[PDB]
């Protein structure tokens, strides 16, 4: 099989895993076994991984035309969704952990989950606005438009890495923090390689698809799977 076909096979394996983890996490949440904020963010992350695998299949099937651009856009948006859900968890866990350090005697702050969610949702909205702007100018159909979208993803990956770093510095024994940090490192590395690949040749579809699969693999293996495994024990 060609490279793009191998990438779709891998993404479909990840989507299969994601559907199964969604079922396990839902039962765990109904049984009082997982925190609601973490559950809701992992659920969003898994749904982005399912969408990524769908867009990748469409990209393989539509190398040209409007369906090609729509598959590329859907694929990039699902990558943004995975990073924003990672950012949401790291930010929320950090804010809660910081309050414990600065003032352990204070009551639960209701603003913290709302603050983490609002910040992560802003990135999703900003990306949708950027896509619309490039689509209106026509720049979306040129290589410079795709670079601008990948540069946005790289900046989001850097912000996600910073959030994961701050969270991991609070508790070095926190395994979820360690998984978010390593995933954020791999995701940033994958996007920096994709930006390099897009300058070296015209294989733009392969560059983005490769980054997309690496991003979903990192999230599944390093962030989601260990939480699910702990619930199984």
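Numbering follows the first chain given and starts at 1.
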204-212 set against 168-176, stretch whose average Cα temperature factor tops the other in the entry
168-176
Do the CA atoms of 178-186 or those of 58-66 have the higher mean B-factor in the entry?
58-66
Can you pull the Cα B-factors for 143, 124, 149, 90 from the entry and say which is highest?
143
For residue 223, the third of its chain into which the C-alpha B factor falls
lowest
Would you mind checking where the Cα B-factor of residue 135 ranks among the modelled residues of its chain, as the lowest, middle or highest third?
highest
Where the record places residue 191 (Cα B-factor, split into thirds across the chain):
lowest
Comparing against every modelled residue in the chain, figure out the third that the C-alpha B-factor of residue 99 lands in (lowest, middle or highest).
middle
Quick check on the deposited entry: does the C-alpha B-factor of residue 42 sit in the lowest, middle or highest third of its chain?
lowest
